[PDB]
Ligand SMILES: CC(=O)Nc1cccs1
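Shown below, as structure tokens, is a lone chain in the form deposited without the ligand; questions about how it binds or moves come after it.
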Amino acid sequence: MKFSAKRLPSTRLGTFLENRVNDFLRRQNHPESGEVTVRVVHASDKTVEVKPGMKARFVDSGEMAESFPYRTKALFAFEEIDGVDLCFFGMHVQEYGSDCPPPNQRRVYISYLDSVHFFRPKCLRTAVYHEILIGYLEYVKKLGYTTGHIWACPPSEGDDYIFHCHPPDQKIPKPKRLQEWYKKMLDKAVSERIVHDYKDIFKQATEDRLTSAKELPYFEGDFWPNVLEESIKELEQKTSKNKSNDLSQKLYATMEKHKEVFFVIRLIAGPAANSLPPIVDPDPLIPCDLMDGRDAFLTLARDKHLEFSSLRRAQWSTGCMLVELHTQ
């Protein structure tokens, strides 16, 4: 096709990921694998606003910024199977640069990732997912991002993060299996000396000596900002007849209850982390309404009856997805 994955415009980030993946596959020399293309298909600037409860408590008193700028990116990976492109992996990320106020400075957060399980061969599928995620971590570490953040959260039964209508036999992993999948990825990144270490959110808070909710990173659509609003509302209902840091107390209790699902990934440790030059992303903005957040691509798939529920339909929906991205 003139409208194929390869023909999408290149980026430094996407070239870096696809090089790392195809290096890995060539080394495996499995006769069923195909070439992998990776493309960034959206990049734009955004802000995340501190919600009303935290704003009244921290923003209005001058203690915390009112909002946090970031860049969002969407990227997708494609394999050649029978000479045709199959989109098999997608990811949306938020990147908070060196200009961003604390506590968000130099952090990346994975918003959503997703897959369609037809990568060939099956036995290298997980490895390839891992290479993409490790590659992203390596890449942002080199720009000078110091910390990665993952919320391990499977989609609900019958729901789709990125790709509309998954195969009926592609199973959603249970939380513990997913948590182990991320640990396996992160142990490999640690052994390649990309990741220095990683910690659950609770342990990390304790080790950073977090004494106020304002010190907690505040991301778009993440669990912690909602938690903080519900906790402030609970606290404000309290009265006491006659004869503080109570938010912090509740945050800690909630962090401990859920610590296993929130990964804090240190990419740059020690004094190296404190003398860094400004983060400069060499890649340009990529406006693309279709891939600005997850919803627009889910809608278009529904409208045009695109489905990722078999090899043939996913190959079909990849082709139409590509048509649409050159087209728009």
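Start at 1 and count along the sequence shown; that's the residue number.
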| property | result |
| --- | --- |
| Residue range whose averaged C-alpha B-factor is higher in the record, 178-186 or 78-86 | 78-86 |
| Average Cα temperature factor in the PDB entry - higher stretch of 233-241, 90-98 | 233-241 |
| Residue, from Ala301, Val264, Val38, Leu267, that the PDB entry assigns the highest Cα B-factor | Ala301 |
| Member of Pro168, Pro154, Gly221, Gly148 with the greatest C-alpha B factor (per the PDB record) | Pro168 |
| Chain-relative CA temperature factor third for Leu25 | middle |
| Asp45 - which third its CA temperature factor falls in, relative to the rest of the chain | middle |
| Within-chain third of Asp289 by Cα B-factor, per the entry | highest |
| Relative C-alpha B-factor of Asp281, binned into the chain's lowest, middle or highest third | highest |
| Entry-reported Cα temperature factor of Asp200, expressed as the chain third it lands in | lowest |
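What follows is about the form deposited with the ligand bound, which we do not show.
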| query | finding |
| --- | --- |
| Heavy atom contact within 4.5 Å of the ligand in the bound PDB entry, the stretch among 222-230, 78-86, 188-196, 137-145 | 222-230 |
| Any non-hydrogen atom of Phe262 within 4.5 angstroms of the ligand in the bound PDB entry | yes |
| 4.5 angstroms heavy atom contact with the ligand in the bound PDB entry for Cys100 | no |
| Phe118: touches the ligand in the bound PDB entry, heavy atom cutoff 4.5 angstroms | no |
| 4.5 Å heavy atom contact, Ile201 to the ligand in the bound PDB entry | yes |
| Heavy atom within 4.5 Å of the ligand in the bound PDB entry - residue from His149, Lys250, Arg71, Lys214 | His149 |
